[PDB]
$ cat model-v4.cif   # mmCIF, N, CA and C atoms
data_structure
loop_
_atom_site.label_atom_id
_atom_site.label_comp_id
_atom_site.auth_asym_id
_atom_site.auth_seq_id
_atom_site.Cartn_x
_atom_site.Cartn_y
_atom_site.Cartn_z
N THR N 29 -40.25 15.28 -21.63
CA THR N 29 -39.73 15.66 -20.32
C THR N 29 -38.27 15.28 -20.19
N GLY N 30 -37.67 14.90 -21.31
CA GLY N 30 -36.27 14.54 -21.37
C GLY N 30 -35.52 15.50 -22.28
N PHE N 31 -34.25 15.71 -21.97
CA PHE N 31 -33.43 16.66 -22.70
C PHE N 31 -32.55 16.00 -23.75
N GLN N 32 -32.65 14.69 -23.94
CA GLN N 32 -31.72 14.04 -24.84
C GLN N 32 -31.93 14.48 -26.28
N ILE N 33 -33.16 14.84 -26.64
CA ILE N 33 -33.39 15.49 -27.93
C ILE N 33 -32.62 16.79 -27.99
N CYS N 34 -32.69 17.58 -26.92
CA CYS N 34 -32.01 18.86 -26.88
C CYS N 34 -30.51 18.69 -27.03
N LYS N 35 -29.93 17.77 -26.25
CA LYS N 35 -28.49 17.55 -26.31
C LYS N 35 -28.07 17.05 -27.68
N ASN N 36 -28.87 16.16 -28.28
CA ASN N 36 -28.54 15.70 -29.62
C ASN N 36 -28.55 16.85 -30.61
N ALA N 37 -29.52 17.75 -30.50
CA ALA N 37 -29.62 18.85 -31.46
C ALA N 37 -28.51 19.88 -31.29
N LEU N 38 -28.19 20.25 -30.05
CA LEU N 38 -27.31 21.39 -29.80
C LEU N 38 -25.89 21.02 -29.41
N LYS N 39 -25.66 19.80 -28.92
CA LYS N 39 -24.33 19.38 -28.47
C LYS N 39 -23.84 20.26 -27.33
N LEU N 40 -24.67 20.37 -26.29
CA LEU N 40 -24.41 21.28 -25.19
C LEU N 40 -24.84 20.65 -23.88
N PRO N 41 -24.12 20.89 -22.79
CA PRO N 41 -24.55 20.37 -21.49
C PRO N 41 -25.81 21.07 -21.04
N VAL N 42 -26.52 20.44 -20.14
CA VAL N 42 -27.70 21.05 -19.56
C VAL N 42 -27.38 21.50 -18.15
N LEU N 43 -27.81 22.71 -17.82
CA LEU N 43 -27.55 23.27 -16.50
C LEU N 43 -28.05 22.31 -15.44
N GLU N 44 -27.21 22.05 -14.46
CA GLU N 44 -27.37 20.99 -13.49
C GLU N 44 -27.86 21.47 -12.14
N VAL N 45 -28.15 22.75 -12.01
CA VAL N 45 -28.67 23.32 -10.78
C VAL N 45 -30.06 23.87 -11.10
N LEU N 46 -31.09 23.05 -10.92
CA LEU N 46 -32.41 23.42 -11.39
C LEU N 46 -33.34 23.64 -10.20
N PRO N 47 -34.13 24.70 -10.20
CA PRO N 47 -35.01 24.99 -9.08
C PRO N 47 -36.29 24.16 -9.15
N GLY N 48 -37.22 24.47 -8.26
CA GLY N 48 -38.48 23.78 -8.20
C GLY N 48 -38.51 22.63 -7.23
N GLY N 49 -37.38 22.02 -6.92
CA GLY N 49 -37.34 20.88 -6.05
C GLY N 49 -37.44 21.26 -4.59
N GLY N 50 -38.48 20.72 -3.95
CA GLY N 50 -38.75 21.04 -2.56
C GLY N 50 -37.54 20.80 -1.68
N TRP N 51 -37.56 21.40 -0.49
CA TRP N 51 -36.37 21.50 0.35
C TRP N 51 -36.80 21.40 1.81
N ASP N 52 -36.34 20.38 2.51
CA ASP N 52 -36.74 20.23 3.91
C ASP N 52 -35.94 21.19 4.77
N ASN N 53 -36.61 22.22 5.28
CA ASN N 53 -35.91 23.27 6.00
C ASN N 53 -35.44 22.84 7.38
N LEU N 54 -35.68 21.59 7.76
CA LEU N 54 -35.25 21.13 9.07
C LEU N 54 -33.85 20.55 9.02
N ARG N 55 -33.65 19.54 8.18
CA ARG N 55 -32.33 18.95 8.02
C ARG N 55 -31.63 19.42 6.75
N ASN N 56 -32.27 20.26 5.95
CA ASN N 56 -31.62 20.96 4.84
C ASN N 56 -31.07 19.99 3.79
N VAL N 57 -31.97 19.29 3.11
CA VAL N 57 -31.61 18.52 1.93
C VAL N 57 -32.79 18.53 0.98
N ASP N 58 -32.51 18.46 -0.32
CA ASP N 58 -33.59 18.42 -1.29
C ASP N 58 -34.46 17.20 -1.04
N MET N 59 -35.76 17.33 -1.32
CA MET N 59 -36.64 16.22 -0.99
C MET N 59 -37.42 15.67 -2.17
N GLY N 60 -37.92 16.51 -3.06
CA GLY N 60 -38.68 15.97 -4.17
C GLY N 60 -38.76 17.01 -5.26
N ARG N 61 -39.40 16.64 -6.35
CA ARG N 61 -39.57 17.55 -7.47
C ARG N 61 -41.01 18.01 -7.53
N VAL N 62 -41.23 19.31 -7.43
CA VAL N 62 -42.56 19.88 -7.37
C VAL N 62 -43.01 20.42 -8.72
N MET N 63 -42.21 21.27 -9.35
CA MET N 63 -42.60 21.86 -10.62
C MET N 63 -42.12 20.99 -11.77
N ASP N 64 -42.97 20.85 -12.77
CA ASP N 64 -42.69 20.00 -13.92
C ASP N 64 -41.64 20.68 -14.78
N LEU N 65 -40.58 19.95 -15.12
CA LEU N 65 -39.53 20.47 -15.97
C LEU N 65 -39.54 19.69 -17.28
N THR N 66 -39.95 20.35 -18.35
CA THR N 66 -39.94 19.77 -19.67
C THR N 66 -38.99 20.55 -20.56
N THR W 117 61.28 12.82 29.72
CA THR W 117 62.26 12.90 30.78
C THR W 117 63.65 12.82 30.18
N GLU W 118 64.53 13.73 30.57
CA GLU W 118 65.91 13.72 30.11
C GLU W 118 66.83 13.83 31.32
N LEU W 119 67.74 12.87 31.46
CA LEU W 119 68.63 12.82 32.61
C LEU W 119 70.06 12.66 32.11
N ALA W 120 70.92 13.62 32.43
CA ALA W 120 72.32 13.59 32.03
C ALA W 120 73.19 13.66 33.27
N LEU W 121 74.05 12.67 33.44
CA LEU W 121 74.98 12.60 34.57
C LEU W 121 76.41 12.66 34.05
N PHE W 122 77.24 13.44 34.73
CA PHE W 122 78.66 13.60 34.40
C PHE W 122 78.86 14.12 32.98
N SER W 123 77.82 14.71 32.39
CA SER W 123 77.84 15.20 31.02
C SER W 123 78.22 14.12 30.01
N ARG W 124 78.13 12.86 30.41
CA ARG W 124 78.45 11.73 29.53
C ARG W 124 77.34 10.69 29.47
N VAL W 125 76.64 10.44 30.57
CA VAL W 125 75.60 9.43 30.62
C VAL W 125 74.26 10.12 30.37
N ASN W 126 73.65 9.85 29.22
CA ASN W 126 72.39 10.45 28.84
C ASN W 126 71.28 9.41 28.85
N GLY W 127 70.09 9.82 29.24
CA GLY W 127 68.92 8.97 29.17
C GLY W 127 67.67 9.77 28.85
N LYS W 128 66.96 9.37 27.81
CA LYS W 128 65.74 10.03 27.40
C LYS W 128 64.59 9.03 27.48
N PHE W 129 63.42 9.52 27.83
CA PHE W 129 62.26 8.67 28.09
C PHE W 129 61.02 9.46 27.71
N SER W 130 60.53 9.26 26.50
CA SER W 130 59.44 10.06 25.95
C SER W 130 58.23 9.17 25.71
N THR W 131 57.17 9.42 26.45
CA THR W 131 55.95 8.65 26.33
C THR W 131 54.83 9.57 25.87
N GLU W 132 53.88 9.00 25.14
CA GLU W 132 52.74 9.75 24.63
C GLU W 132 51.54 8.83 24.60
N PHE W 133 50.37 9.37 24.89
CA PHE W 133 49.12 8.64 24.92
C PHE W 133 48.06 9.54 24.31
N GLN W 134 47.63 9.23 23.09
CA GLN W 134 46.51 9.93 22.49
C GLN W 134 45.31 9.02 22.57
N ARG W 135 44.17 9.57 22.96
CA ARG W 135 42.93 8.80 23.08
C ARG W 135 41.81 9.64 22.50
N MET W 136 41.33 9.26 21.32
CA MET W 136 40.26 9.98 20.65
C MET W 136 39.02 9.11 20.68
N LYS W 137 37.86 9.74 20.80
CA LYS W 137 36.60 9.01 20.79
C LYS W 137 35.58 9.84 20.04
N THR W 138 34.62 9.19 19.40
CA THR W 138 33.59 9.89 18.65
C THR W 138 32.30 9.11 18.74
N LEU W 139 31.21 9.78 19.07
CA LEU W 139 29.90 9.16 19.13
C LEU W 139 28.97 10.01 18.30
N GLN W 140 28.26 9.39 17.37
CA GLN W 140 27.25 10.09 16.60
C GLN W 140 25.96 9.32 16.70
N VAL W 141 24.87 10.04 16.86
CA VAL W 141 23.54 9.46 16.85
C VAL W 141 22.70 10.31 15.92
N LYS W 142 21.89 9.67 15.10
CA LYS W 142 20.96 10.43 14.29
C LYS W 142 19.64 9.70 14.27
N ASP W 143 18.57 10.40 14.58
CA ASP W 143 17.24 9.81 14.52
C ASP W 143 16.41 10.63 13.56
N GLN W 144 15.44 9.98 12.95
CA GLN W 144 14.56 10.67 12.02
C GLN W 144 13.24 9.95 11.98
N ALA W 145 12.15 10.69 11.87
CA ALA W 145 10.83 10.09 11.90
C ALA W 145 9.90 10.95 11.08
N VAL W 146 9.47 10.43 9.94
CA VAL W 146 8.61 11.16 9.02
C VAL W 146 7.26 10.49 9.03
N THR W 147 6.21 11.26 9.21
CA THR W 147 4.85 10.76 9.19
C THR W 147 4.06 11.57 8.18
N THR W 148 3.23 10.91 7.40
CA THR W 148 2.47 11.58 6.37
C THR W 148 1.09 10.94 6.31
N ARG W 149 0.07 11.75 6.04
CA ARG W 149 -1.28 11.23 5.95
C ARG W 149 -2.08 12.08 5.00
N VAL W 150 -2.66 11.45 3.99
CA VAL W 150 -3.45 12.14 2.98
C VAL W 150 -4.84 11.55 3.00
N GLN W 151 -5.83 12.39 3.20
CA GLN W 151 -7.22 11.96 3.26
C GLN W 151 -7.95 12.67 2.15
N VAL W 152 -8.60 11.93 1.27
CA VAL W 152 -9.34 12.51 0.16
C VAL W 152 -10.75 11.98 0.22
N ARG W 153 -11.72 12.83 -0.06
CA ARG W 153 -13.10 12.38 -0.04
C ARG W 153 -13.91 13.17 -1.05
N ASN W 154 -14.18 12.59 -2.20
CA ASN W 154 -15.03 13.22 -3.19
C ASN W 154 -16.44 12.76 -2.95
N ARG W 155 -17.39 13.64 -3.22
CA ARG W 155 -18.80 13.30 -3.15
C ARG W 155 -19.45 13.91 -4.37
N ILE W 156 -19.75 13.11 -5.37
CA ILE W 156 -20.15 13.74 -6.61
C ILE W 156 -21.65 13.99 -6.66
N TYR W 157 -22.45 12.93 -6.70
CA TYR W 157 -23.89 13.08 -6.82
C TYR W 157 -24.54 12.75 -5.49
N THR W 158 -25.85 12.89 -5.45
CA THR W 158 -26.66 12.31 -4.38
C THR W 158 -27.89 11.73 -5.04
N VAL W 159 -28.13 10.44 -4.86
CA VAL W 159 -29.15 9.74 -5.61
C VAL W 159 -30.30 9.41 -4.67
N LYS W 160 -31.46 10.03 -4.88
CA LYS W 160 -32.61 9.77 -4.03
C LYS W 160 -33.72 9.13 -4.85
N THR W 161 -34.64 8.46 -4.16
CA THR W 161 -35.75 7.81 -4.85
C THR W 161 -36.96 8.72 -4.95
N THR W 162 -37.59 8.69 -6.11
CA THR W 162 -38.78 9.48 -6.34
C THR W 162 -39.89 9.02 -5.43
N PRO W 163 -40.70 9.92 -4.88
CA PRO W 163 -41.82 9.48 -4.03
C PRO W 163 -42.86 8.65 -4.76
N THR W 164 -42.91 8.69 -6.09
CA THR W 164 -43.86 7.89 -6.86
C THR W 164 -43.25 6.59 -7.36
N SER W 165 -42.36 5.99 -6.58
CA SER W 165 -41.74 4.75 -6.99
C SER W 165 -42.48 3.56 -6.38
N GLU W 166 -42.50 2.46 -7.12
CA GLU W 166 -43.29 1.30 -6.76
C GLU W 166 -42.39 0.19 -6.22
#

$ encode --input "model-v4.cif" --output "structure tokens"
Amino acid sequence: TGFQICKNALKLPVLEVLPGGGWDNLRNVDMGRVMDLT
Amino acid sequence: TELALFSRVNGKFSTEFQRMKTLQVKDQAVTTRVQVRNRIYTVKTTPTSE
């Protein structure tokens, strides 16, 4: 569930805007991680 | 003033008064304000933290 293997292999940044993270539509800030990102 | 009497007695009287004045004022006022505010990350705690 970590990308450090990926970064070591490819020498590339990992995209930093990732979906799946829940979003409180009242005060509009990310709240938690729902979908598993491996 | 020039006064001549009998075409022999002469008298001259020349006066002069120069009066110069100069006043200079200069004011200057510079104000500057730089406000910078970076916000890089936002660090939140996982709901499964102990």

$ select_by_dssp --input "model-v4.cif" --residues "chain N" --states "strand (DSSP E or B)" --output "list in words"
residues 49, 50, 51, 52, 57, 58, 59, 60 and 61 of chain N

$ resolve_selection --input "model-v4.cif" --expression "the PyMOL selection byres ((chain W) within 8 of (chain N))" --output "list in words"
residues 160, 161, 162 and 163 of chain W

$ select_by_dssp --input "model-v4.cif" --residues "chain N" --states "alpha helix (DSSP H)" --output "number ranges by chain"
N: 32-38

$ atom_distance --input "model-v4.cif" --atom1 "atom C of residue 117 in chain W" --atom2 "CA of residue 133 in chain W"
16.0 Å

$ resolve_selection --input "model-v4.cif" --expression "the PyMOL selection byres ((chain N and resi 63) around 6)" --output "list in words"
residues 48, 49, 61, 62, 64 and 65 of chain N

$ write_last_selection --input "model-v4.cif" --atoms "N, CA and C atoms" --output "tab-separated table (two decimals), keeping the file's coordinate frame"
chain	number	residue	atom	x	y	z
N	48	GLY	N	-37.22	24.47	-8.26
N	48	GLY	CA	-38.48	23.78	-8.20
N	48	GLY	C	-38.51	22.63	-7.23
N	49	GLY	N	-37.38	22.02	-6.92
N	49	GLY	CA	-37.34	20.88	-6.05
N	49	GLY	C	-37.44	21.26	-4.59
N	61	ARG	N	-39.40	16.64	-6.35
N	61	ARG	CA	-39.57	17.55	-7.47
N	61	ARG	C	-41.01	18.01	-7.53
N	62	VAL	N	-41.23	19.31	-7.43
N	62	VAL	CA	-42.56	19.88	-7.37
N	62	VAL	C	-43.01	20.42	-8.72
N	64	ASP	N	-42.97	20.85	-12.77
N	64	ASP	CA	-42.69	20.00	-13.92
N	64	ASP	C	-41.64	20.68	-14.78
N	65	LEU	N	-40.58	19.95	-15.12
N	65	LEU	CA	-39.53	20.47	-15.97
N	65	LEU	C	-39.54	19.69	-17.28
